[PDB]
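Undergrad: This is the structure I want to talk about, given as structure tokens.
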Amino acid sequence: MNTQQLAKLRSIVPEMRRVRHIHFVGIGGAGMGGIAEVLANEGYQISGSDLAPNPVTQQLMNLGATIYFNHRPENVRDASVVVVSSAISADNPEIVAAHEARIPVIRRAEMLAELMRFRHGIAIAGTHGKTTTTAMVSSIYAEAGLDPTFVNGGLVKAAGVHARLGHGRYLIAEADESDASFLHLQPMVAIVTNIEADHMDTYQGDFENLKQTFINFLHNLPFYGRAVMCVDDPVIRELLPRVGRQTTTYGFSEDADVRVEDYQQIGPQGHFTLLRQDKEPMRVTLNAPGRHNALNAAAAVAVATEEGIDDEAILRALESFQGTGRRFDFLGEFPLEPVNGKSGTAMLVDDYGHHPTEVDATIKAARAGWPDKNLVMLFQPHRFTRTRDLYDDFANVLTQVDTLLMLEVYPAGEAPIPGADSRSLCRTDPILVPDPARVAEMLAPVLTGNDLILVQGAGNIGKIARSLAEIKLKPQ
Amino acid sequence: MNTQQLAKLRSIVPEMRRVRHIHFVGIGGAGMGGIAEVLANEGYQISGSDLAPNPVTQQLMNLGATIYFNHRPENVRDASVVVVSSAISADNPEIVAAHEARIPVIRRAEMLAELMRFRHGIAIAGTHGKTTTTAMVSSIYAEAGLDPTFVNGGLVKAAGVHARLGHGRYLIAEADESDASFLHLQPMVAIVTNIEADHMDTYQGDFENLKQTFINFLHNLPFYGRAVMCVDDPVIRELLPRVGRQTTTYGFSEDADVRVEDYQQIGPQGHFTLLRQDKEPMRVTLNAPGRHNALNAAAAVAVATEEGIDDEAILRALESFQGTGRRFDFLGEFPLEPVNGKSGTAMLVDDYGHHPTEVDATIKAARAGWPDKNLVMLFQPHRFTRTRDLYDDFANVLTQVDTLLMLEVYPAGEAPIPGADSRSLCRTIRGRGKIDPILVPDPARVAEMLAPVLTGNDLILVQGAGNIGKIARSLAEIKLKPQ
Ligand SMILES: [Mg+2]
Ligand SMILES: [Mg+2]
């Protein structure tokens, strides 16, 4: 923001004393660039280092951040503070130089917590749906004219950014449990969408540790804080009594404080009713598919109602919600002519979902709203570390499609565990794909006339997804 | 605050959603009344309970608070939240009633931490000297026109209150380690005056757990926060590398960032020089006696200059500093003619000091500012546990006065412990052969015992925490009249 706008912000949100320059080790890592963007527009000097340039680093350069594409001691020269992502190891030369220079070195969530200090924090937590729900909450608050600052793990499509500084007092942020780092956050209101077995390497195989961590998180709320929680989830339902804070539940369940019902999906949209205490029933048109996003919308409405945001504003925001990057992201509809040679249309939907539940929810959402269609899926499983523990669930879920293609397990490190391979899975109709450069060629002999291709998983399948959109499916 | 004042404040410090009514179990003491007063002026509904009325409860009534003089389940009705002092047992009827009604119950520090949440918190922690230092810090900030809200453990004389709500974003508060509750606080700046063995029960008798607790407290500071710590304290000097936050040190030590030099005490006033980085030596006149108060002042100055407060304001505040209730508190100088016939006077000074170090500091201050007076002390030990643990130290410092009178131990909830009596201690002191202590078994017969030992040029120190406070005030109004 310009110097006059910033001065106005400073009368409500103070600067961090003596913090001139902030350096980010891994600035294009998950959630790093977003904080950096907010800090750039608050007027701090921003620098960062990453090995892999991307759209995020590109955005950061435009905002005036000096970005380095290597790791060397000089990169932290002059920094007030160094912020490291979870990906960065203790040996990294930038960390080592920071300690030698006695420059404070902090985790991503510590810095996020400082953004929350003199703001009204709304932390969106849970195993799945965090990104979407966070986006829905910031959509509502923006529509209400409250101009919130938000930090999202995904690209908020209506805003073209992962994160944005607002002139408001509000902070709306996705809260990461994957490394227990969300325990740094001190919000006014917290959402817990669900709790499921994922990122277990940080809780050492004990699911009871994960439940406790979520409880500890919710215990960060002030005595008058509010937890907004999905009662449909059986683990949340049993954890309720251990929550020492005011709680408003949501879900399809009959006892839920905010209750969903009359749900039906018509194409890309969902139509349902929301029952709230002291309110006339609310008929909702949601610009998002699947009853999982209905739950996501209910959470957001629960928060907005507690804020006392006008209902029309809630309804306009949800009706025109533009989604997030790679979350059931519809890229286009393409003629089956310069590819295959038939007649009709094949659809392209991009999704980040990497956990059986996410994947299942995508199939469930494709089937409803587009019932007379051929379900084709390109699926890149994420980490051997993950594919082993959920071997059973992956096979049981992925089989629900029509035809299916699979890529080789994205490593991100973690040496290949034999038997956790893609080849192992695509036997337990499936068809493997080894060549990443030739994907439209693999896809050609399996496209009918009325199709919906579904590109699934995290990894680099996102780069292979945009390509398959660039070429309009022309196998070259 | 009036309606519009409050609306302004609410642009920076929001109200706590859905908290209408705040009830205080033990509203009369601690820094409990102070919090109630701040919250009263923020326009919340305030209620509280305590066993005896006092000036604190009067003020709160005048501010529109409902105060009950008892502990019954009814006292808690319609409360959004119940706040309890460390002086309240967990089975107090009001606490049990509150849990029964599903009303959130929180400790004093948790509520203090809520006051600090959206403010720029400055916490003054340490074993001794907290009340004085936080008063000194709030004087400098008030002087500088920063209008801080503050919550002190003692009455701030210049203000006439323990605590005041200001329009600024600053919160200046005394932090309590005695029950480890200061871990709730999330300050921007933290002073640690000193770390010494007291309240050792809550630290399982282990002095290492106390040190670690201070370290954990300091770690509540954000990466850009500051620790202001007294380096003259060997335990503090030892802990420095474990802190992990920007820290500036102070003290008479050579390696101190804010160094005190050239200390002379003249009567009730301290004179000394403060050395700070990229700053000319500062020549301070402090309106407080003793080396210990020059250190407290240095702590306050370190914070103020970090804040970038104008040096002239710093010096104005230090020079006109009015002190705090029961902290080397001058109550008057009375003629001896109508008390024991004799000619001349006896000065009366009230002091809260309950720990040997504190008692020693009061003695040293009396000595240096009035060397030729006959130093008389009325002392009352606080608790038996403390008396047991620090026995030899009590004997060492208490024998430094010319005349010692001693009341029975004020148990403050504790059961008697054999060997840790006032009479135990009096035998020990007697054995040292310098003074012959007089027991005062009836707390109302004080002026009776006091008259005979007054000579004509005396300074009476009334010394100890609570109970003896009443006696000090009685001696002032009767003007020492031996009846
Ligand atoms: Mg995850
Ligand atoms: Mg104490």
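Undergrad: Once Rh is set to the Kirkwood radius over Cα pairs, what Stokes-Einstein translational diffusion coefficient, in µm²/s, holds for the stretch A:96-200 at a temperature of 20 °C and a viscosity of 1.002 mPa s?
TA: 148 µm²/s
Undergrad: Of A:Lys130/A:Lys157; A:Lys211/B:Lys211; A:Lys130/A:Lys211; A:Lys130/A:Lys472, which sit over 26 Å apart, Cα to Cα?
TA: Violating the 26 Å Cα-Cα cut-off are A:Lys211/B:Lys211; A:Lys130/A:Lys472.
Undergrad: Given that compact globular proteins tend to follow 2.2 N^0.38 Å, what is the ratio of the alpha-carbon Rg of the stretch A:301-373 to that value?
TA: With N residues counted in the stretch A:301-373, Rg over 2.2 N^0.38 Å equals 1.54.
Undergrad: What does the net charge come to around A:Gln212 if you take all other residues with beta carbon closer than 12 Å to its beta carbon, with K and R at +1 and D and E at -1?
TA: Surrounding charge for A:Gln212 is -1.
Undergrad: Report, as an integer, the average count of C-beta atoms from other chains found within 10 Å of each Cβ along B:216-223.
TA: 3
Undergrad: Let me ask another. For B:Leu439, what is the net charge nearby, where nearby means another residue's Cβ is under 9 Å from its Cβ and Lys, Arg count +1, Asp, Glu -1?
TA: 0
Undergrad: Do me a favour and compute the ellipsoid semi-axes for the stretch B:108-324 from its Cα gyration tensor, root of five times each eigenvalue, largest one first, whole Å.
TA: The equivalent ellipsoid of the stretch B:108-324 has semi-axes of 24, 21, 16 Å.
Undergrad: Here's another thing I want to ask about it. Just need the Rg to Rh number for the stretch B:325-483, please, alpha carbons only, Kirkwood Rh.
TA: 0.94
Undergrad: Straight-line reach from B:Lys279: which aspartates and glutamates have Cα under 14 Å away, leaving out those fewer than 8 places along the same chain?
TA: B:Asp257, B:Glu306, B:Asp310, B:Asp311, B:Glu312
Undergrad: Can I ask one more? Give the cross-link partners of A:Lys8 among the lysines, using a straight C-alpha distance below 16 Å as the criterion and excluding same-chain residues fewer than 8 apart.
TA: Straight-distance partners of A:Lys8: B:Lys8.
Undergrad: Among B:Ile35, A:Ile215, B:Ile266, what is the fewest-to-most ranking by other Cβ atoms within 10 Å?
TA: Listed from fewest to most nearby Cβ atoms, that is B:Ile266, A:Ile215, B:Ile35.
Undergrad: Using only the alpha carbons of the stretch A:20-107, what is the convex hull's orientation-averaged projected area in square nanometres?
TA: Spelled out: convex hull of the Cα atoms, projected over all directions, averaged, 4.8 nm².
Undergrad: Given the protein assembly as shown, what percent of its DSSP beta bridges are antiparallel, to the nearest 5?
TA: 25 percent
Undergrad: Just counting partner chain Cβ atoms within 10 Å, what average do the residues of peptide B:107-115 show around their Cβ?
TA: 1
Undergrad: Now, a different point. Between the stretch B:388-419 and the stretch B:141-185, what is the separation of their alpha carbon centroids in Å?
TA: A separation of 31 Å, based on Cα centres.
Undergrad: Another one. Using the Kirkwood radius over C-alpha pairs as Rh, can you work out the diffusion coefficient of the protein assembly as shown via Stokes-Einstein at 20 °C, viscosity 1.002 mPa s, in µm² per second?
TA: 67 µm²/s
Undergrad: With a ≥ b ≥ c the root eigenvalues of the C-alpha gyration tensor of the stretch B:190-273, is it rounded (a/c under 1.5), prolate (a/b larger than b/c) or oblate?
TA: Here the stretch B:190-273 falls in the oblate category.
Undergrad: Along the charge dipole of the stretch B:204-361, pointing to its positive end and built from +1/-1 on Cβ of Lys, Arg, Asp and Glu, which listed residue (B:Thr249, B:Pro289, B:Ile215) has its Cα farthest out?
TA: With unit charges placed on the Cβ atoms, the residue in question is B:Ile215.
Undergrad: What average number of partner chain Cβ atoms lie no more than 10 Å from the Cβ of the residues making up B:11-19?
TA: Shielding by partners across B:11-19 averages 4.
Undergrad: While we're on this one: Given the -39500 (n - 2.57) contribution per DSSP H run of 4+ residues, what per-residue ellipticity at 222 nm results for chain A, rounded to the nearest 500 deg cm²/dmol?
TA: Taking each H run of at least 4 residues, the total per residue is -8500 deg cm²/dmol.
Undergrad: So for B:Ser424, B:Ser49, fewest C-beta neighbours within 10 Å to most, what's the order?
TA: Final ranking by Cβ density, sparse to dense: B:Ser424, B:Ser49.
Undergrad: What list do you get for B:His271, A:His162 if you sort them by fewest beta carbons within 10 Å?
TA: B:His271, A:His162
Undergrad: Ok, one more. Taking B:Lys481 as the anchor, which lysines have their alpha carbon closer than 24 Å to its alpha carbon, excluding any fewer than eight residues away along the same chain?
TA: By straight Cα distance, B:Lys481 reaches B:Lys342, B:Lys373, B:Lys470.
Undergrad: On to the next question. Using alpha carbons only, how many angstrom separate the centre of the stretch B:17-84 from the centre of the stretch A:254-333?
TA: The distance from the Cα centre of the stretch B:17-84 to that of the stretch A:254-333 comes to 43 Å.
Taken together, the values in this text are just the output of simple stated rules run on the coordinates, not laboratory data. A quick note on method: Cβ atoms are made from the backbone with ideal geometry, for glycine too, and the neighbour counts reach across all protein chains shown.
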